[PDB]
>>> print(open('start.cif').read())   # mmCIF, C-alpha atoms and all ligand atoms
data_run
#
loop_
_atom_site.label_atom_id
_atom_site.label_comp_id
_atom_site.auth_asym_id
_atom_site.auth_seq_id
_atom_site.Cartn_x
_atom_site.Cartn_y
_atom_site.Cartn_z
CA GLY F 3 8.29 -33.94 13.90
CA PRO F 4 11.57 -35.76 13.07
CA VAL F 5 12.07 -39.17 14.73
CA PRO F 6 14.86 -38.82 17.36
CA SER F 7 18.19 -40.65 16.93
CA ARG F 8 21.13 -41.57 19.18
CA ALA F 9 24.55 -43.06 18.51
CA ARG F 10 24.77 -46.89 18.66
CA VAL F 11 28.15 -46.58 20.58
CA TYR F 12 29.61 -44.25 23.26
CA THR F 13 26.23 -42.76 24.11
CA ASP F 14 26.88 -42.49 27.91
CA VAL F 15 30.46 -41.26 27.97
CA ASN F 16 29.66 -37.56 28.77
CA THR F 17 27.07 -38.36 31.49
CA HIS F 18 29.70 -40.36 33.46
CA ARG F 19 32.19 -37.47 33.30
CA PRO F 20 32.29 -34.53 35.72
CA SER F 21 30.64 -31.37 34.27
CA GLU F 22 34.13 -29.78 33.90
CA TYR F 23 34.98 -32.32 31.17
CA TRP F 24 32.28 -31.12 28.73
CA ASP F 25 31.21 -27.72 30.16
CA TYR F 26 33.83 -25.79 28.16
CA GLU F 27 32.16 -22.41 28.96
CA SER F 28 33.12 -22.85 32.67
CA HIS F 29 36.82 -23.61 31.76
CA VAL F 30 39.38 -20.96 32.85
CA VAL F 31 42.13 -20.30 30.25
CA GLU F 32 45.69 -20.14 31.64
CA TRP F 33 47.62 -18.01 29.14
CA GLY F 34 51.25 -18.82 28.35
CA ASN F 35 53.94 -16.34 27.27
CA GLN F 36 53.83 -15.31 23.58
CA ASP F 37 57.50 -14.04 24.01
CA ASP F 38 58.50 -17.76 24.25
CA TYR F 39 58.03 -18.19 20.43
CA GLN F 40 59.87 -16.94 17.32
CA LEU F 41 58.14 -17.41 13.92
CA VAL F 42 60.33 -19.18 11.24
CA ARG F 43 58.16 -20.09 8.14
CA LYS F 44 54.50 -20.39 7.02
CA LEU F 45 52.96 -23.65 5.67
CA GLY F 46 49.22 -23.20 6.40
CA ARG F 47 46.21 -21.16 5.21
CA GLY F 48 43.18 -22.95 6.80
CA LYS F 49 39.82 -21.09 6.96
CA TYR F 50 39.91 -18.82 10.07
CA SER F 51 43.56 -19.64 11.05
CA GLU F 52 47.21 -19.13 9.87
CA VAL F 53 49.78 -21.92 10.58
CA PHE F 54 53.52 -21.31 11.12
CA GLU F 55 56.62 -23.33 11.96
CA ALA F 56 58.16 -21.67 15.00
CA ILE F 57 60.86 -22.25 17.58
CA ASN F 58 60.02 -22.26 21.29
CA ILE F 59 62.99 -20.15 22.49
CA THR F 60 62.81 -21.65 26.07
CA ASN F 61 63.70 -25.23 24.87
CA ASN F 62 64.97 -24.55 21.24
CA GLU F 63 62.35 -26.96 19.91
CA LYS F 64 60.31 -26.63 16.72
CA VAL F 65 56.58 -26.05 17.34
CA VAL F 66 53.52 -25.29 15.19
CA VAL F 67 51.68 -22.00 15.93
CA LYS F 68 48.01 -21.62 14.84
CA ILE F 69 46.95 -17.98 14.86
CA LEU F 70 43.18 -17.74 15.07
CA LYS F 71 41.11 -15.30 13.00
CA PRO F 72 38.04 -13.79 14.90
CA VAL F 73 35.57 -16.59 13.85
CA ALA F 74 37.79 -19.43 15.24
CA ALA F 75 38.86 -17.17 18.18
CA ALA F 76 35.15 -16.95 19.33
CA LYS F 77 34.96 -20.73 20.05
CA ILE F 78 38.52 -20.98 21.64
CA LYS F 79 37.31 -22.38 24.97
CA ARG F 80 35.59 -25.30 23.20
CA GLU F 81 38.67 -26.03 20.99
CA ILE F 82 40.98 -25.73 24.08
CA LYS F 83 38.78 -28.04 26.21
CA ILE F 84 38.57 -30.68 23.46
CA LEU F 85 42.32 -30.53 22.72
CA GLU F 86 43.13 -30.81 26.44
CA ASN F 87 40.63 -33.69 26.83
CA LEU F 88 42.15 -35.66 23.89
CA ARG F 89 45.81 -34.78 24.60
CA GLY F 90 47.96 -37.88 24.52
CA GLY F 91 45.44 -39.93 22.48
CA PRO F 92 46.51 -41.91 19.39
CA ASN F 93 47.29 -39.68 16.40
CA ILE F 94 45.73 -36.61 18.06
CA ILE F 95 47.64 -33.33 17.57
CA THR F 96 49.24 -32.25 20.89
CA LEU F 97 48.36 -28.80 22.24
CA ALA F 98 51.55 -27.39 23.94
CA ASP F 99 50.46 -23.78 24.80
CA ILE F 100 47.75 -21.11 24.55
CA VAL F 101 49.06 -17.56 23.88
CA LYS F 102 47.71 -14.05 23.14
CA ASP F 103 49.40 -11.30 21.10
CA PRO F 104 49.21 -8.04 23.19
CA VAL F 105 49.48 -5.92 20.01
CA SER F 106 46.52 -7.38 18.01
CA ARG F 107 44.78 -9.15 21.00
CA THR F 108 44.50 -12.25 18.74
CA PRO F 109 44.94 -15.70 20.38
CA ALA F 110 47.07 -18.57 19.12
CA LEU F 111 47.29 -22.28 19.87
CA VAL F 112 50.77 -23.83 19.95
CA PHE F 113 51.19 -27.50 18.99
CA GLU F 114 53.92 -30.19 18.74
CA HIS F 115 55.83 -30.02 15.47
CA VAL F 116 54.83 -32.25 12.51
CA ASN F 117 57.31 -32.41 9.57
CA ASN F 118 54.55 -32.54 6.89
CA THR F 119 55.01 -34.19 3.48
CA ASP F 120 53.67 -32.08 0.57
CA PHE F 121 49.87 -32.76 0.39
CA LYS F 122 49.84 -32.99 -3.48
CA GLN F 123 52.72 -35.59 -3.43
CA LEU F 124 50.80 -37.63 -0.89
CA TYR F 125 47.58 -37.53 -2.97
CA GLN F 126 49.47 -38.42 -6.16
CA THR F 127 51.95 -41.05 -4.94
CA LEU F 128 50.67 -42.95 -1.92
CA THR F 129 50.33 -46.68 -2.82
CA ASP F 130 47.34 -49.03 -2.12
CA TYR F 131 49.31 -50.29 0.96
CA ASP F 132 49.93 -46.69 2.21
CA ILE F 133 46.26 -45.73 1.81
CA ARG F 134 45.23 -48.72 3.98
CA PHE F 135 47.98 -47.93 6.51
CA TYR F 136 47.01 -44.23 6.88
CA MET F 137 43.24 -44.94 6.80
CA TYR F 138 43.91 -47.29 9.80
CA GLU F 139 45.89 -44.45 11.59
CA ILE F 140 42.92 -42.07 10.99
CA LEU F 141 40.52 -44.69 12.47
CA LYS F 142 42.70 -44.84 15.62
CA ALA F 143 42.20 -41.08 16.11
CA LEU F 144 38.40 -41.21 15.39
CA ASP F 145 37.72 -44.19 17.61
CA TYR F 146 39.70 -42.39 20.33
CA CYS F 147 37.82 -39.12 20.12
CA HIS F 148 34.40 -40.82 19.79
CA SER F 149 35.27 -42.96 22.80
CA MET F 150 36.00 -39.69 24.63
CA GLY F 151 32.55 -38.36 23.68
CA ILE F 152 33.70 -35.98 20.96
CA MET F 153 32.84 -35.76 17.25
CA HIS F 154 35.41 -34.03 15.02
CA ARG F 155 32.83 -32.69 12.53
CA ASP F 156 35.43 -31.56 9.96
CA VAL F 157 37.16 -34.71 8.78
CA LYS F 158 38.85 -33.99 5.42
CA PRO F 159 42.44 -34.26 3.98
CA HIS F 160 43.22 -30.63 4.99
CA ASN F 161 42.72 -31.68 8.63
CA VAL F 162 45.04 -34.71 8.50
CA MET F 163 48.81 -34.07 8.74
CA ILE F 164 51.19 -36.78 7.50
CA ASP F 165 54.96 -37.06 8.07
CA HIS F 166 55.41 -39.82 5.44
CA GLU F 167 59.16 -40.36 6.29
CA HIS F 168 58.25 -41.37 9.88
CA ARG F 169 54.86 -42.88 8.84
CA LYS F 170 53.31 -40.42 11.37
CA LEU F 171 49.76 -39.07 11.09
CA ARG F 172 47.90 -36.47 13.20
CA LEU F 173 44.22 -35.45 13.09
CA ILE F 174 44.22 -31.67 13.42
CA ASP F 175 41.94 -28.56 13.59
CA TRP F 176 39.48 -29.43 16.37
CA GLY F 177 37.89 -25.93 15.97
CA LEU F 178 34.58 -27.42 14.81
CA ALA F 179 34.52 -30.42 17.15
CA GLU F 180 31.75 -30.83 19.72
CA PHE F 181 30.85 -32.97 22.70
CA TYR F 182 28.27 -35.61 21.88
CA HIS F 183 25.25 -35.52 24.12
CA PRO F 184 22.36 -37.89 23.16
CA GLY F 185 19.21 -36.03 22.14
CA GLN F 186 21.06 -32.74 21.45
CA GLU F 187 20.20 -30.94 18.23
CA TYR F 188 23.35 -29.58 16.68
CA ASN F 189 24.10 -26.95 14.08
CA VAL F 190 24.19 -28.57 10.65
CA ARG F 191 26.53 -25.78 9.30
CA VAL F 192 29.63 -27.85 10.07
CA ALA F 193 32.34 -29.80 8.14
CA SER F 194 33.30 -28.54 4.70
CA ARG F 195 30.75 -28.82 1.80
CA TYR F 196 32.28 -31.82 -0.01
CA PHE F 197 32.51 -33.90 3.20
CA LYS F 198 29.08 -33.05 4.70
CA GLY F 199 26.98 -36.09 5.54
CA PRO F 200 23.41 -36.41 4.16
CA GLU F 201 22.10 -35.79 7.73
CA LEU F 202 23.56 -32.20 7.54
CA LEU F 203 22.29 -31.65 3.99
CA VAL F 204 18.69 -32.60 4.88
CA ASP F 205 18.89 -30.51 8.14
CA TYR F 206 18.63 -33.50 10.49
CA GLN F 207 20.11 -31.94 13.67
CA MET F 208 20.23 -34.95 15.98
CA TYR F 209 23.40 -36.42 14.47
CA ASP F 210 26.41 -38.10 16.10
CA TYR F 211 29.93 -39.53 15.67
CA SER F 212 28.79 -41.30 12.51
CA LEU F 213 29.02 -37.97 10.61
CA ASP F 214 32.81 -38.41 10.81
CA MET F 215 32.54 -41.80 9.17
CA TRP F 216 30.64 -40.38 6.19
CA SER F 217 33.45 -37.70 5.80
CA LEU F 218 36.08 -40.52 6.05
CA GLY F 219 34.23 -42.42 3.27
CA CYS F 220 34.38 -39.22 1.11
CA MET F 221 38.17 -39.09 1.61
CA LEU F 222 38.59 -42.80 0.73
CA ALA F 223 36.40 -42.54 -2.39
CA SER F 224 38.40 -39.49 -3.61
CA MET F 225 41.74 -41.29 -3.01
CA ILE F 226 41.03 -44.70 -4.60
CA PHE F 227 39.00 -43.31 -7.54
CA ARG F 228 41.36 -40.38 -8.26
CA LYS F 229 38.54 -37.77 -8.13
CA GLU F 230 39.15 -34.79 -5.76
CA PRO F 231 36.61 -34.15 -4.18
CA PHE F 232 34.50 -37.24 -4.87
CA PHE F 233 31.14 -35.40 -4.42
CA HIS F 234 31.66 -32.02 -6.06
CA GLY F 235 28.56 -29.98 -5.11
CA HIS F 236 28.17 -26.39 -6.31
CA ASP F 237 26.32 -25.49 -3.06
CA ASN F 238 24.66 -27.42 -0.15
CA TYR F 239 21.55 -28.46 -2.14
CA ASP F 240 23.56 -29.51 -5.16
CA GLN F 241 25.85 -31.43 -2.78
CA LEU F 242 22.97 -33.76 -1.95
CA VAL F 243 22.21 -34.09 -5.65
CA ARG F 244 25.78 -35.17 -6.39
CA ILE F 245 25.48 -37.74 -3.62
CA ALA F 246 22.08 -38.95 -4.95
CA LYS F 247 23.56 -39.37 -8.45
CA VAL F 248 25.89 -42.10 -6.99
CA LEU F 249 23.93 -43.59 -4.04
CA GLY F 250 20.52 -43.30 -5.72
CA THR F 251 17.30 -41.61 -4.68
CA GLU F 252 15.45 -44.72 -3.48
CA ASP F 253 17.67 -45.16 -0.47
CA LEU F 254 17.60 -41.39 0.11
CA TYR F 255 13.84 -41.46 0.39
CA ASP F 256 13.92 -44.56 2.62
CA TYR F 257 16.29 -42.58 4.92
CA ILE F 258 14.08 -39.46 5.09
CA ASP F 259 10.98 -41.79 5.63
CA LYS F 260 12.73 -43.71 8.49
CA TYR F 261 13.40 -40.42 10.42
CA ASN F 262 10.21 -38.57 9.24
CA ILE F 263 12.48 -35.86 7.77
CA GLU F 264 10.79 -32.99 6.10
CA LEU F 265 12.75 -32.06 2.98
CA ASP F 266 13.13 -28.54 1.63
CA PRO F 267 10.54 -27.88 -1.11
CA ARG F 268 13.29 -26.92 -3.61
CA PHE F 269 14.94 -30.42 -3.35
CA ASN F 270 12.06 -32.50 -4.74
CA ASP F 271 12.34 -31.03 -8.24
CA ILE F 272 16.17 -30.89 -8.16
CA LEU F 273 16.78 -34.34 -6.67
CA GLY F 274 14.87 -35.98 -9.52
CA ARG F 275 15.24 -39.75 -9.74
CA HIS F 276 18.57 -41.59 -9.84
CA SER F 277 19.47 -45.26 -9.69
CA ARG F 278 22.06 -46.52 -7.13
CA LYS F 279 25.42 -46.91 -8.99
CA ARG F 280 27.82 -49.85 -8.77
CA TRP F 281 31.22 -48.84 -7.28
CA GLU F 282 32.89 -50.79 -10.15
CA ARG F 283 31.59 -48.01 -12.50
CA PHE F 284 34.26 -45.59 -11.08
CA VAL F 285 37.15 -48.07 -11.79
CA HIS F 286 39.45 -47.18 -14.72
CA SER F 287 42.97 -48.03 -15.98
CA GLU F 288 44.45 -45.03 -14.01
CA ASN F 289 42.95 -46.05 -10.66
CA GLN F 290 42.74 -49.92 -10.84
CA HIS F 291 46.00 -50.13 -8.78
CA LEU F 292 44.16 -48.59 -5.76
CA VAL F 293 40.90 -50.56 -5.97
CA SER F 294 40.11 -54.03 -4.62
CA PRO F 295 36.94 -55.99 -3.65
CA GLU F 296 37.87 -55.18 0.01
CA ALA F 297 38.20 -51.42 -0.64
CA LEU F 298 34.80 -51.26 -2.41
CA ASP F 299 33.14 -53.32 0.40
CA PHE F 300 34.65 -51.04 3.04
CA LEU F 301 33.65 -47.86 1.16
CA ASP F 302 30.11 -49.25 0.72
CA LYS F 303 29.80 -49.64 4.53
CA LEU F 304 30.83 -45.98 5.21
CA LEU F 305 28.94 -44.22 2.41
CA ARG F 306 25.39 -44.92 3.60
CA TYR F 307 22.63 -42.39 3.87
CA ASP F 308 21.39 -43.82 7.20
CA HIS F 309 23.86 -42.52 9.78
CA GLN F 310 22.88 -45.40 12.14
CA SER F 311 23.88 -48.03 9.50
CA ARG F 312 27.49 -46.82 8.82
CA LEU F 313 30.43 -48.77 10.30
CA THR F 314 31.65 -47.26 13.57
CA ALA F 315 35.41 -46.46 13.79
CA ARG F 316 36.06 -49.61 15.89
CA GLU F 317 34.05 -51.85 13.47
CA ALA F 318 35.91 -50.27 10.53
CA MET F 319 39.30 -51.34 12.05
CA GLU F 320 38.15 -55.06 11.88
CA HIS F 321 37.42 -54.80 8.14
CA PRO F 322 39.28 -57.11 5.68
CA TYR F 323 40.64 -53.99 3.86
CA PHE F 324 43.13 -53.70 6.78
CA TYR F 325 44.22 -57.34 6.96
CA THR F 326 47.32 -56.42 4.89
CA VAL F 327 48.40 -53.65 7.22
CA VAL F 328 51.24 -54.53 9.58
CA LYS F 329 49.93 -54.29 13.14
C1 LIG R 1 42.49 -37.95 -0.30
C2 LIG R 1 42.93 -37.84 1.16
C3 LIG R 1 43.39 -39.11 1.85
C4 LIG R 1 42.63 -40.27 1.75
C5 LIG R 1 43.05 -41.45 2.34
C6 LIG R 1 44.23 -41.49 3.05
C7 LIG R 1 45.00 -40.34 3.18
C8 LIG R 1 44.59 -39.14 2.59
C9 LIG R 1 45.42 -37.92 2.84
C10 LIG R 1 45.22 -37.21 4.03
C11 LIG R 1 45.98 -36.08 4.31
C12 LIG R 1 46.95 -35.63 3.42
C13 LIG R 1 47.81 -34.43 3.75
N1 LIG R 1 47.04 -33.27 4.20
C14 LIG R 1 47.88 -32.13 4.59
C15 LIG R 1 46.93 -31.00 4.91
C16 LIG R 1 47.53 -29.93 5.76
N2 LIG R 1 48.85 -29.61 5.71
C17 LIG R 1 49.03 -28.50 6.51
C18 LIG R 1 50.14 -27.70 6.80
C19 LIG R 1 49.96 -26.60 7.62
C20 LIG R 1 48.70 -26.30 8.14
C21 LIG R 1 47.60 -27.09 7.86
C22 LIG R 1 47.77 -28.21 7.03
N3 LIG R 1 46.84 -29.13 6.55
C23 LIG R 1 47.13 -36.33 2.23
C24 LIG R 1 46.39 -37.47 1.92
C25 LIG R 1 46.66 -38.17 0.62
#
>>> encode(input="start.cif", output="structure tokens", more="lines below")
Ligand SMILES: CCc1ccccc1-c1ccc(CNCCc2nc3ccccc3[nH]2)cc1C
Amino acid sequence: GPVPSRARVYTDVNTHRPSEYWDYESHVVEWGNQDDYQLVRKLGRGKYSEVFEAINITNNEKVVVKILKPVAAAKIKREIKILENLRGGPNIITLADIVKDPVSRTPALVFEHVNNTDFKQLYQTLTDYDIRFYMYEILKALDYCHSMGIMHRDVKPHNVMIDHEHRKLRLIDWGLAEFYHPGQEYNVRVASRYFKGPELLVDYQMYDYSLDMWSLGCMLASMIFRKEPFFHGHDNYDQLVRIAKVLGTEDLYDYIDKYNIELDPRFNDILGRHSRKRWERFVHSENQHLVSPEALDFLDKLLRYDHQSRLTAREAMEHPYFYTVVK
């Protein structure tokens, strides 16, 4: 059988909490009034959700309304519990209300307003300094949620909102997040394909917060190398192949050997044999302005097969890549 694993930080947080903190199934949902909101304009598409800019008619303030499609609606109590648990934490989106449409019976989550900067402009124009600044803001949110015993499990640019004018960042869409309990075997059908950690791709269920750090490394690699996504897999098996073509197969095998992971028969002939590539190989005239020895060192410490060997969010904040960032 696979060798068990546990996080190297925040392992005990959920055992020292009352059952109501993590037992989301027991939570009773207090429904607000849907008549309190008037829909202004759409700016989101998501996966199983539609996002609108609205006005809360009781205080004339702008809000964000997330209407949930049936898939997301099924796990509402978990998303509500996590959002309520993290409310007020650094760079965490603020849940303001929970409403239900009496016509369609579909629920919605209402959040604080974020005046988002166009996502393409951000990808195309953020400087080296800005990337370090916002990567640091993302680490604040991840260290906070991990410290609160929660893994996001869907870290990707679509789930990070940035108001560049106010240098304001929020980590959003906690619909896939879960409470971390040591020894628990989780569903590996999480995150979005391009950001899935090797643990998910090889069906290693006993993962932890460190999955978020792999996804964060995928975002960083895409940004500094100007390749979106960085690991462009055609499907979940090919995803691992794309990863192995950069990180190499030797280390992949060492990882599966360390945890006694049984690989899927169809991987052995498709994984082939690949050497570990030097990060400097992805550096070109059009991306040299975003790359530094510190950025490559940092990236190297996130993009590791062994989930136990990746920097934690708190360790990542101490990295030299952030020394330039005004704190
Ligand atoms: C490579 C991504 C990256 C790497 C390193 C540092 C920053 C980034 C990054 C992160 C996020 C964004 C902007 N993401 C907006 C997505 C979004 N808008 C929404 C509006 C409505 C509903 C849902 C939404 N969801 C941009 C960058 C550059």
>>> residues_near_ligand(input="start.cif", ligand="ligand LIG 1 (chain R)", cutoff="7 Å", atoms="all atoms listed in the file", output="ChimeraX atom specification")
/F:45-48,53,118,121,124-125,128,133,136-137,159-164,221-222,224-225
>>> residues_around(input="start.cif", residues="residue F:257", least_positions_apart="6", cutoff="10 Å", atoms="only C-alpha atoms", output="PyMOL selection string")
chain F and resi 200-201+251+263+306-309
>>> residues_around(input="start.cif", residues="residue F:282", least_positions_apart="3", cutoff="12 Å", atoms="only C-alpha atoms", output="PyMOL selection string")
chain F and resi 223+226-227+248+279+285-287+289-290+293-295+297-299+301-302
>>> closest_residue(input="start.cif", among="F:119, F:129, F:58, F:87", to="residue F:179", atoms="all atoms listed in the file")
F:87
>>> atom_distance(input="start.cif", atom1="atom CA of residue F:15", atom2="atom CA of residue F:147")
11.0 Å
>>> closest_residue(input="start.cif", among="F:319, F:203, F:76, F:110", to="residue F:246", atoms="only C-alpha atoms")
F:203
>>> closest_residue(input="start.cif", among="F:75, F:105, F:143, F:218", to="residue F:90", atoms="all atoms listed in the file")
F:143
>>> residues_around(input="start.cif", residues="residue F:80", least_positions_apart="6", cutoff="12 Å", atoms="all atoms listed in the file", output="PDB file with C-alpha atoms, keeping the file's coordinate frame")
ATOM      1  CA  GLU F  22      34.130 -29.780  33.900  1.00  0.00           C
ATOM      2  CA  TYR F  23      34.980 -32.320  31.170  1.00  0.00           C
ATOM      3  CA  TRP F  24      32.280 -31.120  28.730  1.00  0.00           C
ATOM      4  CA  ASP F  25      31.210 -27.720  30.160  1.00  0.00           C
ATOM      5  CA  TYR F  26      33.830 -25.790  28.160  1.00  0.00           C
ATOM      6  CA  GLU F  27      32.160 -22.410  28.960  1.00  0.00           C
ATOM      7  CA  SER F  28      33.120 -22.850  32.670  1.00  0.00           C
ATOM      8  CA  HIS F  29      36.820 -23.610  31.760  1.00  0.00           C
ATOM      9  CA  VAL F  30      39.380 -20.960  32.850  1.00  0.00           C
ATOM     10  CA  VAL F  31      42.130 -20.300  30.250  1.00  0.00           C
ATOM     11  CA  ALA F  74      37.790 -19.430  15.240  1.00  0.00           C
ATOM     12  CA  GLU F  86      43.130 -30.810  26.440  1.00  0.00           C
ATOM     13  CA  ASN F  87      40.630 -33.690  26.830  1.00  0.00           C
ATOM     14  CA  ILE F 152      33.700 -35.980  20.960  1.00  0.00           C
ATOM     15  CA  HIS F 154      35.410 -34.030  15.020  1.00  0.00           C
ATOM     16  CA  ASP F 175      41.940 -28.560  13.590  1.00  0.00           C
ATOM     17  CA  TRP F 176      39.480 -29.430  16.370  1.00  0.00           C
ATOM     18  CA  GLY F 177      37.890 -25.930  15.970  1.00  0.00           C
ATOM     19  CA  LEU F 178      34.580 -27.420  14.810  1.00  0.00           C
ATOM     20  CA  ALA F 179      34.520 -30.420  17.150  1.00  0.00           C
ATOM     21  CA  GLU F 180      31.750 -30.830  19.720  1.00  0.00           C
ATOM     22  CA  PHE F 181      30.850 -32.970  22.700  1.00  0.00           C
TER      23      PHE F 181
END
>>> atom_distance(input="start.cif", atom1="atom CA of residue F:94", atom2="atom CA of residue F:139")
10.2 Å
>>> atom_distance(input="start.cif", atom1="atom CA of residue F:49", atom2="atom CA of residue F:194")
10.2 Å
>>> residues_around(input="start.cif", residues="residue F:34", least_positions_apart="2", cutoff="12 Å", atoms="all atoms listed in the file", output="list in words")
residues 31, 32, 36, 37, 38, 39, 58, 98, 99, 100, 101, 102, 103, 109, 110, 111 and 112 of chain F
>>> closest_residue(input="start.cif", among="F:311, F:114, F:273, F:262", to="residue F:244", atoms="all atoms listed in the file")
F:273
>>> decode(input="start.cif", residues="stretch 256-273 of chain F", atoms="N, CA and C atoms", output="compact mmCIF listing (two decimals), in the first residue's frame")
# COMPACT_ATOMS: atom_id res chain seq x y z
N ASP F 256 11.87 8.59 -8.15
CA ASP F 256 12.28 8.67 -6.76
C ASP F 256 11.07 9.02 -5.87
N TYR F 257 10.21 9.93 -6.33
CA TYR F 257 9.00 10.33 -5.61
C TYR F 257 8.04 9.15 -5.43
N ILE F 258 7.70 8.47 -6.54
CA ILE F 258 6.78 7.34 -6.46
C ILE F 258 7.39 6.21 -5.60
N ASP F 259 8.75 6.00 -5.64
CA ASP F 259 9.44 5.00 -4.81
C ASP F 259 9.36 5.38 -3.32
N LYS F 260 9.60 6.67 -2.98
CA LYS F 260 9.54 7.14 -1.59
C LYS F 260 8.17 6.82 -0.93
N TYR F 261 7.06 7.02 -1.67
CA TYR F 261 5.71 6.80 -1.14
C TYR F 261 5.09 5.47 -1.58
N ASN F 262 5.88 4.57 -2.23
CA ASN F 262 5.40 3.26 -2.67
C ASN F 262 4.10 3.44 -3.48
N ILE F 263 4.14 4.39 -4.42
CA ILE F 263 2.99 4.72 -5.25
C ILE F 263 2.90 3.79 -6.43
N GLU F 264 1.75 3.19 -6.61
CA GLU F 264 1.56 2.35 -7.74
C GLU F 264 1.06 3.23 -8.87
N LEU F 265 1.81 3.27 -9.97
CA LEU F 265 1.45 4.06 -11.14
C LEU F 265 0.51 3.28 -12.05
N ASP F 266 -0.28 4.02 -12.81
CA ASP F 266 -1.21 3.47 -13.76
C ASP F 266 -0.42 2.92 -14.93
N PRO F 267 -0.65 1.64 -15.23
CA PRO F 267 -0.03 0.88 -16.32
C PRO F 267 0.24 1.66 -17.60
N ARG F 268 -0.72 2.47 -18.06
CA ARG F 268 -0.62 3.31 -19.22
C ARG F 268 0.35 4.54 -19.13
N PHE F 269 0.97 4.76 -17.97
CA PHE F 269 1.91 5.87 -17.77
C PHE F 269 3.33 5.45 -18.16
N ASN F 270 3.72 4.25 -17.73
CA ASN F 270 5.06 3.72 -18.00
C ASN F 270 5.55 3.86 -19.45
N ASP F 271 4.69 3.56 -20.42
CA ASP F 271 5.06 3.68 -21.81
C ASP F 271 4.90 5.11 -22.34
N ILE F 272 4.08 5.92 -21.67
CA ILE F 272 3.89 7.31 -22.12
C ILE F 272 4.83 8.30 -21.43
N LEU F 273 5.27 7.96 -20.22
CA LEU F 273 6.17 8.81 -19.47
C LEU F 273 7.58 8.79 -20.07
